[PDB]
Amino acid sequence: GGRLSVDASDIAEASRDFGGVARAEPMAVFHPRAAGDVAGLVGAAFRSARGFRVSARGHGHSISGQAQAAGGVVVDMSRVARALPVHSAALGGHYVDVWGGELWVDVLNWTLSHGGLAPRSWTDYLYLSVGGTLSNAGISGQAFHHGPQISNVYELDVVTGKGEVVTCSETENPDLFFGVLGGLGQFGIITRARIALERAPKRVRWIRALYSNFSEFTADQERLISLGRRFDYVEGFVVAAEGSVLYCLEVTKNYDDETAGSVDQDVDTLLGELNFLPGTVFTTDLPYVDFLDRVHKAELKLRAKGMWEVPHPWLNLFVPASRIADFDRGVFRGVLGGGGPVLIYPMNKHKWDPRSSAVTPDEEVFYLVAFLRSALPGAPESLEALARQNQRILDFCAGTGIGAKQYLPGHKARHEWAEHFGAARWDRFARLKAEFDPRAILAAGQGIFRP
């Protein structure tokens, strides 16, 4: 059903990612029409004498070659009749079946046009594949309340490393279901995901407020994620004094025709309880789709300046709330003291299922700290200096015993992976690999296992 391609542009695309550093080339790019085509290719890899590498590529947003299959085959999962949202009286809500390669932006547009429904949990950027985010976590300002995207999926169809198509959920083949979720593509290729949906808000009241005091900033973020009147989105970012560091709190209040008359007072009541700097509240009112697509608008302005297709040495850390104060002193004021955002916001561990493959710190409240800096165009030394700064951040966490965990981990050494997972989780991860991908065919670019 599918076709192997040796088109130079297809090979070049499959040999790069948003990170702009890793460049392992496959022999071919596979364009499937359906799940059975992916099953056929993985099946052939499992049966082959050499056991060539097979990796699914979402939208190629990996930082360090995680979707690359050196001298093997890259499956171009990009997109055919689409399933309509479905109501279930047993689940108490709606769901939608999506192809693993579908972009979240296309999922949103589909569910809105078919009943004004939408996923409850997002990523900041919607030009990411469903299978791609579900293999990591998929995090944004909604995760404190709904959990990451891996906590908002009912079922999957997975093509294992043996080329077998398996339907899994909490009730059917749960070890495969929970293993695949946050599983870094190690146990199979997601060909279908059954996404949880809610009736979509029509509009968003988008607020930003500034802080000079990190203790007040974090205390307000932690209080907001514990909230009943509440914001629907809680993020934050680190700001340089030139418009000394400032912290910007970023919140939203979702509303529709019914709640439009109470939105102004809900916002005012919530804001009155906060300790931001007076006169620093900035507000925007816009459609729900426009808010969700805000990062793609930043992307178009970057592509126009030749500032998008540059190296991205991005670093993402989960930091226990008990160590966040020390983190600001040594990192925001220390390492980074003196191009790209630095995001920071807490989340609730109870919204993360411990049965999944996702690795979070051993604390109920933890922060995501996202160092999203870009190197200068055509300037290799800029990338090198940013890479040294990232190593200084990791050395700082190691040196002060901060139990930080990397999100989208870029580890390569076996002892680094053992340390990342810890003994219990590593044992469960290795046993899943032995069962579902014994020949280590899948997502070898993650650098965890070898044939």
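From 1 onward, residues are counted along the sequence shown.
- Modelled in this chain, residue 338 is nonetheless absent from a third or more of the other compared entries whose models extend past it on both sides.
- Annotation: residue 147 does not belong to the positions left without coordinates in a third of the other compared entries; each one with flanking residues models it.
- In terms of unmodelled positions of the deposited sequence, the stretch from residue 79 to residue 80 in this entry skips 4 to 9 residues.
- The gap between residue 272 and residue 273 holds no unmodelled residues of the deposited sequence.
- The PDB entry records a higher mean C-alpha B factor for 299 to 307 than for its counterpart among 92 to 100 and 299 to 307.
- The stretch with the higher mean CA B factor, choosing between 251 to 259 and 149 to 157, is 251 to 259.
- Of the candidates 339, 138, 320, 185, it is 339 whose Cα B-factor is highest according to the PDB record.
- Between the residues 276, 345, 352, 144, the entry's highest C-alpha temperature factor is the one at 276.
- Looking at the C-alpha B-factors along this chain, the one for residue 239 belongs to the highest third.
- Split the chain's modelled residues into thirds by C-alpha temperature factor. Residue 368 is in the lowest one.
- Placement of the Cα temperature factor of residue 51 within the chain: highest third of the modelled residues, per the deposited record.
- In the deposited entry, the Cα temperature factor of residue 71 sits in the top third of values across the chain's modelled residues.
- The PDB entry assigns residue 177 a C-alpha temperature factor belonging to the lowest third of its chain's modelled residues.
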